[PDB]
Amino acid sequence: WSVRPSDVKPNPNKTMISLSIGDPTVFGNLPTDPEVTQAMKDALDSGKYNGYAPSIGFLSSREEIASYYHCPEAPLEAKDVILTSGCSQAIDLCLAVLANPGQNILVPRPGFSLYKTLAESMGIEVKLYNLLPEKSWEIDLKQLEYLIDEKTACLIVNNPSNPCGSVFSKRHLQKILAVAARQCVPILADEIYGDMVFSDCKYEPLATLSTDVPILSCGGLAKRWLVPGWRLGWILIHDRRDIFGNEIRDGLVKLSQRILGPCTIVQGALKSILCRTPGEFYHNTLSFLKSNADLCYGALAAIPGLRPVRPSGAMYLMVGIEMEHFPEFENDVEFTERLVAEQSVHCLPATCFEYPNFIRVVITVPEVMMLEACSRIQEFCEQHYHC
């Protein structure tokens, strides 16, 4: 017999407030629209969506996604859509089809930690490119271009960003594409937060700005429809000039037949989710995020020693910590641990996203909980701040 695997307590009299949980559902203040719920119930009542779909998804479901995201600058037919078990599987399929062991991918820093996790598990090297906190978390284009070599199979771009809450300008997206053009590298666009911008930027999908650069774009229901548990995502294949060709398409189909795709009830409900979910839902969501973002940025900005970077989208912001003014702490991990011990407020240390001396805060908590949290954080910082 030799069976082996393959290769700080919170302050007890202050009630815990977590600003670290990356799930918009958790406090019940962001339920999905009733129409979303109804579409699932309708799909269930039909009895049509209980049998096996093809691995890449029902044709009609793929057709509905294609026609929901198609535009002349980035056309999509059903054949350009693969439905997946959440965006995470979408990202995983794209990486597994583009990159072999030994090849590298370029990942943002700070960045959603899934990319590094999926890639390093599959033997894929990860090169980290910086985002600039003083330029609205824009990509350091000079470093990005430098980092690309002959082993680079793929470039990961996440816009709008978790953990940054940034929304890249049109110009900056164009400048990102140009780098990818010159170095002849495809892009995996993680656009799970697409259309979730609450600022006076507008959202452009990356593919709608590309002419020469082939893009695999990943999205899903998780965040915009506030049903992350439902496990439905998708890959939008945005080929240019036959660079992906039939081969990447076929490879995606093959790799998809492994797990067999997402829950068929969610695929059946997708038509009515996209067609009947009112504009008010998306608007009320974005209005709540923005005013929570104003309260948070505003409260944290007033605190000596913190440097919040205002978000324009998604469901977070990053806060810089001026460590010189907090001598007793060595990094963001110590800071956040002490904050829990003294104030029972959990913020996520950005060392989790490969970016020390920052923290991420979610802006999806009820506003009265955001208010209380920031207040507690002001007291903590006041009590530990040194000039």
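Residue indices: 1-based, along the sequence shown.
Per the record, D7 and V8 are separated by 10 or more deposited residues that have no coordinates. For the two regions 99 to 107 and 81 to 89, the entry's Cα B-factors average higher over 99 to 107.
Note on 58 to 66 vs 338 to 346: mean CA B-factor is higher in 58 to 66.
Comparing C-alpha B-factors across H238, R231, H172, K116 in the deposited entry, the largest value falls on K116. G219: CA B factor in the lowest third of modelled residues in this chain (values from the PDB entry). Among the modelled residues of its chain, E372 has a C-alpha B-factor that falls in the lowest third according to the deposited record.
Among the modelled residues of its chain, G268 has a C-alpha B-factor that falls in the lowest third according to the deposited record. Ranked against the other modelled residues of its chain, the C-alpha B-factor of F198 as given in the entry falls in the highest third.
Among the modelled residues of the chain, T32 sits in the middle third by CA temperature factor in this PDB entry.
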